[PDB]
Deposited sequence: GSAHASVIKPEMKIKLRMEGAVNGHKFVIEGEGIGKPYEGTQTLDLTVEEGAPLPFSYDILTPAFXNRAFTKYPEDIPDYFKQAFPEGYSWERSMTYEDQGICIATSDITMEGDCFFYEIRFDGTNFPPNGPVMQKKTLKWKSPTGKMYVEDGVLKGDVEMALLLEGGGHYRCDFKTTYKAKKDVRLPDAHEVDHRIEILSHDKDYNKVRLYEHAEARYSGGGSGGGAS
C-alpha cells in the first residue's frame, strides 16, 4: 500500500572526501518486499574520483529490506511522508566519514538527498590508494532507544592482497510521522558493485537485505 512491488529511485549526493568535492547522481529500481535493488550511478562533478568508491556505496534506503510480518517495518511505515538518517563511519586506520540522507517519496519513486563527508584518510592508505575490493556481508543490529530507531554494524572492506579493513557504522533514523517501533532485531547486508567503468565514473550497484531476530 503506497509502497508498491516496484519502486524507482533517484538520488543526489554532494560531498567531499579529504577535500575533493564531488557530486553523484543515480537512478534505479528495486522490489521493497523482496529486499533487492539496483542503482546506476554517475559522477557528475569531481571526476575522476581520487578515492575508493567502496566508502560511498552504503550511503546509496532500508525500505528495501525483506521484513517478516512478525517484526514491524519502520521504514515502509514511514511513507509516503518519508524518513531521514544520520550515519557515522569510523575506520580502523583513523579515517572518518559522516553521511546524511533525506528520503522522500512521490508516486512510483523514492528520492534521496545525500550529504557525504570524509576526512583524515591516510595518504598511503587503502582508501586513497584504491586497494579495497568489496564489503564483507555483515548482519547488523537494529534497536530502539527512547523513541528513535538505531542501526549499527561492524564491518569491513576486503583489501587487495588478502587483508581486511574495518569500520564501525552507527546510524540513527527518523520517520517524519510516528510509526510502530520494532523489537530489537537484525538486518543482513549483501552489497556488491556489479559493474563499473574505468574510473568508477559509472557504477552499477546492487543490494539484498532481509530482517530477522
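Comparing the deposited sequence with the modelled residues, which stretches have no C-alpha coordinates?
Absent from the structure are positions 1-5, 66, 220-229.
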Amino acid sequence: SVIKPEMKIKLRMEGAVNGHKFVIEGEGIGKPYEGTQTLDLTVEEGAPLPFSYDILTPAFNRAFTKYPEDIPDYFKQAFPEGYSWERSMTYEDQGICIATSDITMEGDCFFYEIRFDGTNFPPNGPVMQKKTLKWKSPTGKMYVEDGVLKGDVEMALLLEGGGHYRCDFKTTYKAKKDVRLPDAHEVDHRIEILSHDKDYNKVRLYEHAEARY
From here on, numbers count along this sequence of modelled residues.
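In this text, rigid core is short for the largest set of C-alphas that superpose within 1.5 Å between two forms.
RMS Cα shift after core superposition in 4 other deposited structures of this protein, winner of 141-149 and 28-36:
The more displaced stretch in 4 other deposited structures of this protein turns out to be 141-149.
I need to verify one thing: averaged over C-alpha atoms only, is the B-factor higher for 105-113 or for 132-140?
Between 105-113 and 132-140, it is 105-113.
Where does the C-alpha B-factor of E154 rank in its chain, lowest, middle or highest third?
CA B-factor rank for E154: lowest third.
Compare the C-alpha B factor of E92 with those of the other modelled residues in its chain, then answer lowest, middle or highest third.
Middle third.
Mind checking which third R180 falls in for C-alpha B-factor across the chain?
Tercile = highest for this residue's CA B-factor.
Quick one: classify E27 as lowest, middle or highest third of the chain based on its Cα B-factor.
For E27, whose C-alpha B-factor we compare with every modelled residue in the chain, the answer is the highest third.
Entry-reported Cα temperature factor of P80, expressed as the chain third it lands in
For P80, whose C-alpha B-factor we compare with every modelled residue in the chain, the answer is the highest third.
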